[PDB]
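The chains referred to below are lettered A, B, ... by the order of the sequence lines, with proteins before strands, and numbering in each begins at 1. These values consider heavy atoms only, across backbone and side chains, with no hydrogens, waters or symmetry-generated copies.
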Amino acid sequence: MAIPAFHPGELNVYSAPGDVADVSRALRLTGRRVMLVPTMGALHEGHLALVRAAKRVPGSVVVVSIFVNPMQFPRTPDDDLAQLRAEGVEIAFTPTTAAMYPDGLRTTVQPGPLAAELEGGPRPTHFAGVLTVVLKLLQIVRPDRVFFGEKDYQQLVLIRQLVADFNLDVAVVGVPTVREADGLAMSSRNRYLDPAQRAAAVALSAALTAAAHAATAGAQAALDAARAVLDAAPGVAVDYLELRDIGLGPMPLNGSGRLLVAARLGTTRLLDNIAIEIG
Amino acid sequence: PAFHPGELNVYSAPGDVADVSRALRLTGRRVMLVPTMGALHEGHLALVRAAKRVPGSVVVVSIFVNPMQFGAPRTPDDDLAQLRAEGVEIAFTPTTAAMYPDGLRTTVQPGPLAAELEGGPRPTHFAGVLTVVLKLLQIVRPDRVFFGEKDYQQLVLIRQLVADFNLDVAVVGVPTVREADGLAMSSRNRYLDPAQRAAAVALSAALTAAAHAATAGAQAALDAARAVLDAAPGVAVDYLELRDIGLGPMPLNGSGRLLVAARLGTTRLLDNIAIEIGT
């Protein structure tokens with residue numbers, strides 16, 4: 001029994017939700033485990049790590065969606081697909097805005113209060129757009145696991161709330177941030193940094209790593225070390241530098257947490273975060 | 001495991017009914033879901049019977065009411081007795097804590113239709129409904145879900161939910177069951193004193209009169225309904241509207257729906273009927 005419209009071993013591209021849903025359901029029925037990697041295209045090494053994390057799950061078929069979601073606000077379709085082909089990805093889902101929101105923004109997802117904080121201050125409706133599209137992609141593909149990068153930590157935490165709050169039957173996998181050789185978190189925004197800004201941008205990761213090691217001396221020491229590193233960089237306007245628990249609530253007196261930073265270099269906004277252990 | 005065929009199996013933990021439902025689906029039995037708030041009457045038994053009619057089906061009837069503190073009183077014992085007597089194999093009766101372990105955090109935001117008609121006096125009512133229904137659909141993963149046509153707006157909003165979030169379930173509307181005189185069955189009817197019960201017949205009489213007046217056009221149909229309601233002692237009408245079957249504007253001719261909501265004392269009653277204009 002062949003699967004309608006699906007060719008094992010090759011990059012199969014689908015634009016209609018119904019097509020990828022049928023293919024995914026037939027594949028699940030034969031016992032394959034469907035992995036979903038949601039992206040907005042313009043792929044770089046960061047995304048490829050997500051793809052590889054998905055691919056290495058035994059008996060898996062990897063679905064990578066490319067969809068620049070209007071609701072949560074780079075375009076090289078062929079470069080993107082070509083890169084996915086090279087990774088051995090078998091399915092690419094590339095729907096049009098029309099096929100995803102045929103009735104505009106009608107029924108949508110309202111995130112909890114965490115969505116109004118940190119990234120949500122500068123962009124109050126951003127996460128509603130992200131959870132709405134992620135929920136839709138989860139229902140279309142019905143994957144066993146969905147992969148997101150830790151770079152957008154708040155996003156990852158909000159997706160975990162989505163999945164828990166709506167009893168979604170999918171495991172959420174956070175993948176460690178892929179970095180450049182000097183530590184700069186990979187991001188499509190890095191290309192907008194001019195030479196001096198690129199050099200100065202190293203301060204974000206350096207400040208966080210300094211903080212994580214300074215942490216044996218406590219929270220004030222960790223924060224102060226990060227700040228000193230940021231104070232030594234020119235042109236890095238810090239929007240926030242916050243210590244929180246892993247779910248982004250208040251940081252406990254001790255234990256595990258996450259240190260997050262967001263800064264603007266010229267008009268380019270950069271983010272980074274790192275696991276922290278107090279004391 | 002944990003499921004005895006031919007008997008009423010009662011589960012409180014989401015994980016338990018999800019496992020059982022998953023297992024029953026594997027063996028080919030299609031899962032039917034009938035969501036209710038308890039206080040079952042003949043109207044609900046009609047949903048159950050329509051679900052039972054599906055060839056190889058196992059019927060899941062859930063009983064749950066959102067916690068009042070959300071801003072959007074009985075024992076489950078008689079309802080279960082009823083389900084058992086009706087040959088239902090699964091009852092899902094979760095606690096508020098098990099449905100909302102992290103409280104009301106991520107929720108569903110309905111489209112504009114939720115602010116109209118029933119949504120006027122209760123702005124967040126449908127958000128609560130769609131949120132719970134979405135969760136029940138994810139927990140039970142049924143092939144079909146049944147809702148009564150009595151709550152027509154609700155039914156329409158549930159169909160938007162399923163389409164907008166790409167849910168893979170068929171939504172079945174079941175015709176309203178009525179008392180001998182035409183009164184739509186509802187657990188609220190028991191709150192009508194004798195005079196109110198007698199006056200309450202005006203809702204269905206007004207709708208049926210309109211459906212037949214319709215050969216003379218929509219305005220004539222609305223006028224007939226209004227005249228009947230105006231002749232009814234102590235019936236205070238909240239709204240009486242003729243719309244499209246999707247609840248959009250009613251066209252020149254074609255199918256539609258006439259909806260009415262009224263107050264008799266402090267008991268609010270609803271009813272609606274299919275209308276064929278210029279036919």
Side-chain angles (χ1 to χ4, degrees), chain A residues 36-40 44-47 49-50 53-54 69 72-73 109 111-131 133-134 145-165 170-180 183-190 201 203-213 215 219 222-223 226-227 229-230 236 238-252 255-264 268-278, chain B residues 102 105-106:
Chain A
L36 168 62
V37 177
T39 81
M40 294 202 296
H44 54 70
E45 265 293 306
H47 301 108
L50 294 185
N69 178 47
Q72 69 192 76
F73 271 123
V109 176
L114 171 60
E117 301 168 53
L118 310 170
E119 289 310 288
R123 304 193 288 160
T125 67
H126 175 67
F127 290 124
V130 173
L131 300 199
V133 80
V134 166
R145 312 188 183 185
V146 61
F147 300 69
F148 290 100
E150 283 183 359
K151 207 210 129 315
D152 294 290
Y153 197 79
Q154 184 176 12
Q155 170 171 282
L156 174 60
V157 174
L158 283 169
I159 295 304
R160 288 186 197 290
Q161 299 192 349
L162 173 73
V163 169
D165 302 345
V170 65
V172 177
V173 183
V175 176
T177 306
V178 177
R179 306 175 174 282
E180 292 299 338
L184 180 59
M186 289 191 174
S187 170
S188 63
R189 286 181 176 172
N190 294 345
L204 274 68
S205 55
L208 298 177
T209 61
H213 291 78
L223 281 169
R227 288 161 177 165
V229 169
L230 298 161
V236 178
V238 179
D239 277 333
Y240 63 71
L241 175 65
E242 304 288 304
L243 187 55
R244 300 284 183 93
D245 72 37
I246 59 164
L248 299 184
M251 177 61 214
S256 289
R258 204 78 185 186
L259 174 62
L260 306 90
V261 69
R264 278 170 295 94
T268 309
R269 179 195 189 61
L270 300 186
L271 308 177
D272 205 344
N273 64 86
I274 193 179
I276 288 286
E277 299 309 319
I278 293 307
Chain B
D102 306 281
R105 187 170 55 182
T106 311

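Applying the side-chain contact (heavy atoms from CB on, under 4.5 Å) rule to A:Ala206 yields the partners A:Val229; only residues at least two apart in sequence or on another chain are considered. For A:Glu277, the side-chain hydrogen bond (donor to acceptor under 3.5 Å, both in side chains) partners at least two apart in sequence or on another chain are A:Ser256. Residues forming a ring-ring contact (aromatic ring centres under 6.0 Å, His included) with A:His213 (at least two apart in sequence, or on another chain): none.
For the pair A:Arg244 and A:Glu117, the minimum side-chain heavy-atom distance is below 4.5 Å. The closest side-chain heavy-atom distance from A:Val130 to A:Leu158 is not below 4.5 Å. The shortest distance between side-chain heavy atoms of A:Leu184 and A:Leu204 does not fall below 4.5 Å. Taking 4.5 Å as the limit, some side-chain heavy atom of A:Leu241 sits within range of a side-chain heavy atom of A:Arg227.
Separation of atoms CG (A:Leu248) and CG (A:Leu243) is listed at 10.5 Å; rounding is to 0.5 Å. The line from CG of A:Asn190 to CD of A:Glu180 is 6.5 Å long, rounded to the nearest 0.5 Å. Atoms CD and CZ, on A:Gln72 and A:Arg123 in that order, are 7.5 Å from each other to the nearest 0.5 Å. In this structure, OG1 on B:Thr106 lies 5.5 Å from CD on A:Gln161, to the nearest 0.5 angstrom. To the nearest 0.5 angstrom, A:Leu208 atom CG is 8.0 Å from A:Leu260 atom CG. To the nearest 0.5 angstrom, A:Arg269 atom CZ is 4.5 Å from A:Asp239 atom CG.
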Check the pair A:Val261 / A:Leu230 against side-chain contact (heavy atoms from CB on, under 4.5 Å), numbers first and verdict last. CA-CA 10 Å; A:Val261 69; A:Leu230 298 161; 4.3 Å; yes

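Using modelled atom types and a 3.5 Å distance limit, the side chains of A:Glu119 and A:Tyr240 yield a donor-acceptor pair.
Considering all non-hydrogen atoms of both residues, A:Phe147 and A:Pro38 come closest at O-CD, 3.5 Å. Nearest heavy-atom pair, A:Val109 versus A:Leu131, reported as atom, atom and distance to 0.1 Å: CG1-CB, 3.7 Å. Of all the heavy atoms in A:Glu150 and A:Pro176, the pair that sits closest is OE1-CA, 3.8 Å. For the pair A:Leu259 and A:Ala211, the tightest heavy-atom approach, listed with the atom from each and the gap, is CD2-CB, 3.4 Å. When every heavy atom of A:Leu270 is checked against every heavy atom of A:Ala201, the shortest pair comes out as CD1-CB, 3.7 Å. Looking at every heavy atom in both residues, A:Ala115 comes nearest to A:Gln154 through CA-NE2, 4.4 Å.
Between the side chain of A:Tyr153 and the main chain of A:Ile246, a donor-acceptor pair closer than 3.5 Å is present. Judged purely by atom type and a 3.5 angstrom limit, A:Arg160 uses its side chain to pair as donor or acceptor with the backbone of A:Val172.
Each of A:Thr39, A:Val146, A:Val175 was evaluated against A:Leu50; a single residue qualifies, A:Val175, per the side chain to side chain contact (heavy atoms under 4.5 Å, CB included) test. Partner A:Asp272 forms a salt bridge (charged side-chain N to carboxylate O under 4.0 Å, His left out) with one of A:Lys151, A:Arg258, A:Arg179 and no other, that one being A:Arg179.
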